[PDB]
4 protein chains.
Amino acid sequence: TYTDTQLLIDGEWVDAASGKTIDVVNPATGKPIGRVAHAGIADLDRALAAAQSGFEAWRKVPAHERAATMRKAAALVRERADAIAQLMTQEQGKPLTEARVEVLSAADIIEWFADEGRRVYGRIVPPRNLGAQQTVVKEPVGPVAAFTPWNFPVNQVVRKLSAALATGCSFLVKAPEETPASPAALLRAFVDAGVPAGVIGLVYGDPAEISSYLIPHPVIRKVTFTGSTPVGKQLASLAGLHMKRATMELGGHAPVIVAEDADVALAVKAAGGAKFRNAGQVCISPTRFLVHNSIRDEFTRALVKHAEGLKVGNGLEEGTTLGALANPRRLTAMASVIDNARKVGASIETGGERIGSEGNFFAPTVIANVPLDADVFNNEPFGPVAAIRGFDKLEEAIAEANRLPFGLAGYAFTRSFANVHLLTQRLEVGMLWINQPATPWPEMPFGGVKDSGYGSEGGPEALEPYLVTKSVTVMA
Amino acid sequence: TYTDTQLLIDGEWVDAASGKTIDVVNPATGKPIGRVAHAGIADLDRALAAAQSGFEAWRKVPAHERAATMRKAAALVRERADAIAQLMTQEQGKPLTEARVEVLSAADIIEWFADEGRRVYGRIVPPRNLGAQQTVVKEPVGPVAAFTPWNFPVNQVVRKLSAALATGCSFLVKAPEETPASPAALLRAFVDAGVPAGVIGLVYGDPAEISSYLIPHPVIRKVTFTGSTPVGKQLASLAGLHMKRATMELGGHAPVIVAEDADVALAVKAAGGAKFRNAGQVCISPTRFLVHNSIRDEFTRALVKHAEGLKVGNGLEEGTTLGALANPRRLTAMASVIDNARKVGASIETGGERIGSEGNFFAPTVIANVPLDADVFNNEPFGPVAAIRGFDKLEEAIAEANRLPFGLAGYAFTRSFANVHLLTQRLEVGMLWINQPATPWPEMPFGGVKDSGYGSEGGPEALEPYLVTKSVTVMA
Amino acid sequence: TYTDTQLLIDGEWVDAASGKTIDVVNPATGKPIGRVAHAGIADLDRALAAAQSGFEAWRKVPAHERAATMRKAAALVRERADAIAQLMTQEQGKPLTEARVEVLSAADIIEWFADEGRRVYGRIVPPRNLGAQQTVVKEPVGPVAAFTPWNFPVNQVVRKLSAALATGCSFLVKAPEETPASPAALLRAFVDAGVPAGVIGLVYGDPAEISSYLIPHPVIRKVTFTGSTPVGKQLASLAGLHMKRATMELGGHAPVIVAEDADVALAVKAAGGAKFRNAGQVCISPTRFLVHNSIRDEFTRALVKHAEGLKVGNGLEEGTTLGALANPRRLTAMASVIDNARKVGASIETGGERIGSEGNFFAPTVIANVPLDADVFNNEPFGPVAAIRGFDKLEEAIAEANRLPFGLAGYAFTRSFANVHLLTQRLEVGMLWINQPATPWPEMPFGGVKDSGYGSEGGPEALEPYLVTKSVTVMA
Amino acid sequence: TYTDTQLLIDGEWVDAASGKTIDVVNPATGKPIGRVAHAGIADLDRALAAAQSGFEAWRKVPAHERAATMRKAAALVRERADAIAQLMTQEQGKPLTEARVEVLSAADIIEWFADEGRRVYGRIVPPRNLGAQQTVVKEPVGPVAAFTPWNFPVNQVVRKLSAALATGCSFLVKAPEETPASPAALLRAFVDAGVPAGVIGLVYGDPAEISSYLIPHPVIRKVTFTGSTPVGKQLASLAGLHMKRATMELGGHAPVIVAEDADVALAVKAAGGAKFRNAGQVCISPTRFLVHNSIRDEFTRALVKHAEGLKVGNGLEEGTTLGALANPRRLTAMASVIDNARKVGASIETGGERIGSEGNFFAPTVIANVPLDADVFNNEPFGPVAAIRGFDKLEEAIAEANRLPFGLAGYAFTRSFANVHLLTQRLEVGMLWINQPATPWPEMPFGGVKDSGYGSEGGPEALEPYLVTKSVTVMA
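Here the residue numbering is sequential from 1 along each chain as its sequence is written and may not follow the entry numbering; residues with no coordinates are omitted from view. Working convention: letters from A go to chains and numbers from 1 go to ligands, in the order in which they are written. Hydrogen atoms and water are omitted, and side-chain values are computed over all heavy atoms in the structure.

In plain terms, the rule: UniProt positions are given in the numbering used here, feature names are shortened, and annotations may be inferred rather than shown by experiment.
In the annotation of the PDB entry, chain A is listed under the name Alpha-ketoglutaric semialdehyde dehydrogenase and assigned to Azospirillum brasilense. What UniProt records for chain A under Subunit is the sentence "Homotetramer." In its Sequence similarities section, UniProt records this for chain A: "Belongs to the aldehyde dehydrogenase family."

Here is the structure:
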């Protein structure tokens, strides 16, 4: 089974006013599995009024009470994690084992942010005149509009929602029409835990119509988007025209630097595992493997061996470790990336093809001998493709790593302090993981640089985009 | 004496390749006093290249060395304060005494920021696996494009410049064509102190063309603009379209709430004195005077008396306490504000006319019986005009204070703790001063909310728009 | 019912080696209710070995796991709060309603410290040479010896224990022989929640023999004591002789300043309620009431009215609001304080006598017209006695407030910002509460100044006495 | 030239009421050079009264004014660096070049602390009831009694003095009778800068009698001592008996771990150079050289060569790189250390004798084949003596590094990240420097663990022993 999804407005699950719905298909099959309410402008006016009213309510609830309510939502997300994961796998394609991991960590994230909300500290500044008190108070910015994409239906809502809620903001999210049930199950946990009516809202419909209406509207004080770099540029431009606070989490093109002193088995296990996680459909997925010439061939073979050991299948089989891609455009885009690679003289080491003629299954693919003008080494592939090149000198790996307008994550494998320290200072990324896969715990900052966007969704830094800082000076 | 001003590119004071200049007028007389170079695209290209190199240089200079270099520049600014102030008054209109105060407070800013650059701290997070070290590191964002207005020619530059230098970014500023010499003099103190070629640049010319070229350019990593709300919106739109970090300090419309228990005489002294400072051409200037009805008449008359005491004349003549407005557009703008007040039934209690027929002199003006639809109570007048309205309940004054889309500064006068705490919580402003005029020290955050923009220019918060946060996790 | 109490050593509840026990009496009755193991030196050697081994174990458990374990202990303390409170009332005398409040808030404290342990942050310092990394790491100091008194058997263990546990330290507490069962029930929750063997230890016996042995012993790296000022001086002296880190929470003598603009009903309700809480047996209990002459008489009558409305009785009756004093020396000391008051010419307004001839019931007592040489206005009474004097000028109240070598808490009632600000800057206390009773939440610092001791048991500051800070600089 | 030194009391350089003096010797010659006033109880009484008044004064001076005053003092210290260094070398023994370095680094300290005084921040805690404001405020503790040793006469004073002045405490120091003039000269820079009468005081005399009088005295709120472990224990015992805040910087015994992958030449240059700095009379001097057996012989010979290169002679003669030891007790102490090394079977590889028959000259000495029971490997030698021992496993070196009750500084040389991280975690020291000598900058914490005491003299942490934390909760 798989349920139809409704809008959440003012504490109620409701149909759109007009009754219109959008069909939802299972990517592993191509067959309808349900429908989602298609909101129009009238449903949006009701969500906005409600968000305003919810903000006036929520900002008055003391932080410790807000925290206890959020921890209650978290316990419910944990309990319902298998049922929610089954919804997710069906609508998005990832393996059930991966969906379960995603939802359980959603509960972890909520819990950390609930406690963070109690530690939004102000400051007292030693004054220039002892007869005055000089303070810096932090307070919530107001109603937030969030736009979240399909690759992690739950986890891309959960950080934004948790940070908003921990600060005293209300929250109105447009989630993906193609993966709508698992984000709605997340918000249902919050409604059941006692977050009052209007603090949270959820809508689905025509993405352009919704974002063009919410972002200029005077109820909304803060906008947050995660998605593609070109769509973000369009939304950050609209937000700027209406002077709205904005954060953006966009495309990455993560380099992997395998230094001469690297453990190779480890690199392959850690970066290769990470590459094929959610079929490469991750803003932090390692893409450009820069491997020292001394071990390049050995690395390339071991990666090929890892790709070929993946069990492609419908994500509901527990043994499936590579599911279908999320939707048919991902096939088109993977076909295009692989064509261009062949055309520019790269070698397709394994994979490189659609599997079957039903659903969106594409084969895990490793490209070697990749020239620098290849599409895969310039545009974000966002799919189950690795591209390998060699280097001699660590300084040339770093410059390659920094060549692109992205961005976001980077990985490396090395053992010397000197290399760790050099990669730390020089690599143009928001997050760098060395000798392990990505472990984006909620207490670590998470966000990009350059075209990958700005603002963090972890650590205390994650609260700041939702806060206003106010200087107060009172002469006694 | 008044000097002609050049562009600063890659260590060198130079003319524009085209040789073009713009005439500089003294607002007190209407008479030409000098000229400034009118930069074109070609000179911007050399500034941008120089900025790139300067960033590579300055990012490598240890913070304690950057700090000592910045502190020398500040010592130079102090040494040259009379000369700088003389240039400012001539080009901008303010009295010599206020110019000197601006220039000295510039030095105070540079010093605080010099020291703050040494305290851009990272952090170490207790890890989930004890074999890994989880750190968060702070780094400079990159080359900055800055755009600054004419109201405080030196001070609007210095906070942006100081922030950028303390973090290790390079800095390219477009300063006002109408007030070129005093900022160029500030920049010349930094060159003479030892800031290397390319780290700082200064251009003048057509503002639209400079903005449109610098903001989309891939060398610029971060944009900062101080100015009016409409231009900031156009600039933030563009920044967004090209995914640039942006901060904005825009229009204010500061309410002043004089409560039933206020010390009226202190209220007149503090907020009257602040009103006519720089002839009200200040983003935090008290404008909407909300006075409890019990003391409204007493307050109006005392404010009228304070306006009448002011000595209007040329800024070089000692005695002068209110100079000329900075340009002919401000006179037209004041007559419109006053014509509208009268049209809508308000009473001009004093002032309200041009003085003489040469230069930009406007009498200090107090308006009462102001209806809620008068231009002065909706648009930022940015001029030597106070508007007074009465209230009965503090709650009504608070709701009026929040009514407009602006939210920069707020003022109040009251003695009860409960009202301090209420005002602190409820007022939608970035900065609030109670029982005193504004004292915007560099250690205090300084920035807006709503249509007044975002990002702070004081406190440790002023460094954050100039920094990227990198999560680094290394497994042993 | 009421249970006999054992030692906790190495995960096991055990008798002392020798079999010796100490009888426990109910203060409301004077009758034996049980016994507690009397530890000797051999039991201490076993506790110390175990604490060493527990420290090596606990310091290796990642913080998030430590937190989850502590939150589990907390949920068990919450569930068992009524059963634990019944033990407490019996052995200590406080009303059951007060005992329940104490234990429930113990669970709150644990939960806040569990999350605090995850936020023990290090720092990265911008280096003087870019080739080095300069860091500040925080790590646990080691095995802690804690000595806790009888007035709040559970809450004086719980803060020390929680802070130790959140930092990675092991913990060995000597709890009170006269109130031993409710602290043992607290530690039992931690054992049941999965804190491993030896991380926590609990012993009872001859207070001088235990503290003389634990404090010099090389396993113990940190000592913490809460109790009387003269006993602390002796223990801080021993700790200093063996160079052991020490914190001390000692006697208070809390002033209450009721200013001329005070709400009187509120002052009486808030400070009077607080005075008779746990029969005045609290280091923060308001003792010296300094009331403005204009309302002194009205305050004195309303306090008398509050004291006379207390229902004296055995604490197990739900309606009892003043229980018996904790032990027979409290009667002797209250007899002495009241004698001296009468002798120096003070007036006993109500109470002043033992009630009955069984148990330790003393009457709630209010003394007025108190000269400055009266014992009650110099030595900490630690019992159900208030002492009232007048003042004319707020500055004279403050000097009186600051006259004594204590210390700890202070209270006031006033409405003006000016007074709030003056009391804030001038009053020599660790904690100041204004227009309310004490609400010592775990997120607020808690500790004294002067003879009241040093170190805080709340806020992040509470972790620092358990941490070592290490500067690390590594040249690449 | 060398000058006689006086007491500094309440703004005035004065003699002791008794008129007594102590002779000051030049350690390089044995010859008298001057005298210092020998303070008695009566002069201490005037210092204590003056300290009380000075505290009342300085606590009222806004932090930005305190900072500017401190920065002037620092500018004076720089101006007078040759003169101060001349006094130091004469009285203390170190070469002129090292004295000048000490004096200049003093100025650097004062400046950092000046700036840190402006950033003693309080905080605002999200409240449990929104009608209350919960703040935590920082205040100066009160008058300080400081006791400082002869090894860095100016530098051991300056950190304590700077900390105390930045927080707003007053300061009374007993400096070394054997090296009086250079600290008095430092204190004279603060008097000439404008620090008011009473805020700073300076006495000399009988150390025991001064200590016993100042520590129990009710004017003294905080004690700080730098010195040997046995005297610190006696002083901490007394501080404790009178419930005074105390910090202690005591004996160190720094291990140096040269790992199998070390750069041996850098190891010799960094830790050899640091060994003979101030002829090893430093609390963080490398002493126990633990060298991997593979490179031990290479290391020993290179260190012997570096010791042999040093130029022994009077500190005023240029060329001199190792001066005389500071007093005759240090010669006796070195002969004992060397007599014991030889008795226990170690080999003296170079040095190990007195040079000449006048003054306190000792040859730079390297000892190898050192058994674990030799005095040099258990007691702090505080002299120009390195002891070398080999190891096979890094784990054995780490367990030796931790074996002693001292734990001040530690050094290592290694290239692998895993060893940096291991050493960082496992070494029981306050400060660790890897691949470089010690660089104790004022922004880095500086303090011990175990028998080396407690409290930091660097970083923001250096201010915390000089501050009290006050929780303030005000209900509207």
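On we go.
### Comments concerning empty space enclosed by the protein
Residue and element names in this part refer to chain D. Inclusion rule: Computed over the protein atoms alone on a 1 Å grid, cavities are sets of points where a 1.4 Å probe fits but cannot get out and pockets are open sets with protein on both sides within 12 Å along at least five of seven lines; a residue lines them when it has an atom within 4 Å of a point. Grid points are joined across faces, edges and corners, and a volume is the space filled by probe spheres set on the points. Residues are sorted three ways: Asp, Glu, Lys and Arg are charged, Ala, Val, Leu, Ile, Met, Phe, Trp, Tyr, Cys and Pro are nonpolar, and all the rest, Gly among them, are polar.
Reported here for the second largest cavity is a volume of approximately 100 Å³. In terms of lining residues, the second largest cavity is bounded by 16 residues, among which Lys160, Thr224, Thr247, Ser456 and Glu457 are the most central. For the lining of the second largest cavity, the residue count by class is seven nonpolar, five polar and four charged.

### With respect to the pattern of salt bridges
Our working definition: We define a salt bridge as a side-chain nitrogen of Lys or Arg found within 4 Å of a carboxyl oxygen belonging to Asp or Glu. Here a strand is any run of E in DSSP of at least two residues, a helix any run of H or I of at least four, and the numbering for each starts at the N terminus. Only protein chains enter the accessibility calculation, which uses a 1.4 Å probe; a residue is then buried when its area is under 20% of its type maximum, exposed when over 50%, and partly exposed in between.
Under the definition given, this model contains 100 salt bridges over all chains. Between A:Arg342 and A:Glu353 there is a salt bridge whose closest N-O contact spans 3.8 Å. In this pair, A:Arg342 sits in helix 11 (residues 328-343) while A:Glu353 sits in the loop between strand 14 (347-350) and strand 15 (365-368), placing the two residues 11 residues apart along the sequence. C:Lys470 is the salt-bridge partner of C:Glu139, the closest N and O atoms lying 3.1 Å from each other. Taken together, the positions of C:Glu139 in strand 6 (residues 132-140) and C:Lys470 in strand 22 (residues 467-475) put the pair 331 residues apart, joining distant regions of the chain. For C:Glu139, a relative accessible area of 12% corresponds to the buried category. C:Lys470 sits in the buried class, given a relative accessible area of 1%.

### Description of the relation of the copies chain A and chain D
For clarity, the cut-off: Least squares on the C-alpha atoms defines how the copies are superposed. We call two residues contacting when some pair of their heavy atoms lies within 4.5 Å.
Overlaying chain A on chain D yields an RMSD of 0.3 Å, the required transformation being a rotation through 179° with an accompanying axial translation of 0.0 Å. Taken together, these values place the two copies in the relation of a two-fold axis. Mapped onto chain D, 100% of the interface residues of chain A again fall at the interface, so both copies present the same surface.

### Observations concerning the packing of helix 9 (residues 264-276) of chain D against helix 10 (residues 293-309) of chain D
Residue and element names in this part refer to chain D. Defined as follows: Each axis is a line fitted through C-alpha atoms, taken for helices only over the stretch in contact, and angles between the N-to-C directions span 0 to 180 degrees. Each angle is binned into one of four classes, with values under 35 degrees roughly parallel, values over 145 roughly antiparallel, values of 65 to 115 roughly perpendicular, and all other values oblique. Here a crossing is taken to be left-handed if its near helix is turned anticlockwise relative to the far helix by less than a right angle, and right-handed if that turn runs clockwise.
Where helix 9 contacts helix 10, the two axes come as close as 10 Å, and the packing angle between them is 45°. As the angle between them shows, helix 9 and helix 10 are arranged oblique. Note that helix 9 runs across helix 10; the crossing there is right-handed. Residues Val264, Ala267, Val268, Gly272, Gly273 and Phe276 of helix 9 touch helix 10, and the partners they reach there are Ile295, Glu298, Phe299, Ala302, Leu303, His306 and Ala307.

### Structural notes on the interface of chain A and chain B
For clarity, the cut-off: Buried area is calculated as the accessible area (1.4 Å probe) missing from two parts once they are joined, with the contributions of both summed. The definition of a polar contact used here is a pair of N or O atoms within 3.5 Å, where within protein one atom must be able to donate a hydrogen and the other to accept one, and adjacent residues in sequence count solely through side-chain atom pairs.
Counting from both sides, the interface comprises 62 residues of chain A and, opposite them, 61 residues of chain B. Roughly 5,000 Å² of surface becomes buried between chain A and chain B when both sides are summed, with 53% attributable to carbon and sulfur atoms. If you sort the residues of chain A by the area they bury against chain B, A:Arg128, A:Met243 and A:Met444 come out on top, with a joint share of 15%. Summed over the shared surface of chain A and chain B, the number is nine salt bridges. The salt bridge partner of B:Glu428 is A:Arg221, with a shortest N-O separation of 2.7 Å. If you look at where chain A meets chain B, you find 27 residue pairs in polar contact. Contributing elements (two or more residues each) for the side of chain A that touches chain B: strand 6 (132-140), helix 8 (229-241), strand 11 (245-249), helix 13 (417-426), strand 19 (431-434), strand 20 (449-450), strand 21 (453-454) and strand 22 (467-475) of chain A. Counting residues per element, the side of chain A that touches chain B draws most heavily on strand 22 of chain A, at eight residues.

### Considering the UniProt feature "binding site: NADP(+)" in chain A
Residue and element names in this part refer to chain A. Under the feature "binding site: NADP(+)", the UniProt entry names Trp150, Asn151, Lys174, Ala175, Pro176, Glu177, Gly227, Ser228, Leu250 and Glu380. A stretch of 231 residues holds the annotated residues, and the largest C-alpha distance among them is 24.0 Å, long enough that they do not meet in one place. Inspection of the secondary structure assignment puts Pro176 in the loop between strand 8 (171-174) and helix 6 (181-193). Note on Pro176: relative accessible area 5%, which makes it buried.

### Here we look at the domain arrangement of chain A
Residues and elements named next belong to chain A. Put simply, the rule reads: The split into domains, and so the bounds of each, comes from an automatic or database assignment of domains.
Entries for chain A in the domain assignment read domain 1 (1-251 + 442-476) and domain 2 (252-441). Computed over C-alpha atoms only, the centres of domain 1 and domain 2 are separated by 30 Å. Each partner contributes residues to the interface: domain 1 has 34 residues there, and domain 2 has 38 residues. In total, about 2,900 Å² of surface goes out of reach between domain 1 and domain 2, with carbon and sulfur atoms giving 55% of it. Interface area lost by domain 1 to domain 2 is led by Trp150, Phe446 and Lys450, which between them contribute 19%. Between the two partners, domain 1 and domain 2, sit three salt bridges.

### What to know about the pairing of strand 16 (residues 385-391) of chain D
Residues and elements named next belong to chain D. The condition that has to hold: Strand pairing is assigned whenever DSSP detects at least two bridges linking the two strands.
The buried count for strand 16 comes to five of seven residues, which makes it a mostly enclosed element. Where strand 15 (residues 365-368) and strand 16 come together, three bridges link them in parallel fashion. Considered in strand 16, the bridge of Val366 is made with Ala386.

### Brief notes about the interface of chain A and chain D
Chain A puts 24 residues into the contact, and the matching count from chain D is 25 residues. Summed over both partners, the interface of chain A with chain D comes to about 1,900 Å²; 63% of that surface belongs to carbon and sulfur atoms. A per-residue breakdown of the area chain A buries against chain D is headed by A:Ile124, A:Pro126 and A:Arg128, which together make up 29% of the total. On inspection of chain A and its partner chain D, the count reaches zero salt bridges. Taken together, chain A and chain D are joined by four residue pairs in polar contact. Looking at the side of chain A that touches chain D, the elements that each hand over two or more residues are helix 2 (63-79), strand 5 (122-124), strand 6 and helix 13 of chain A. Broken down by class, the residue content of the side of chain A that touches chain D amounts to 13 nonpolar, five polar and six charged.

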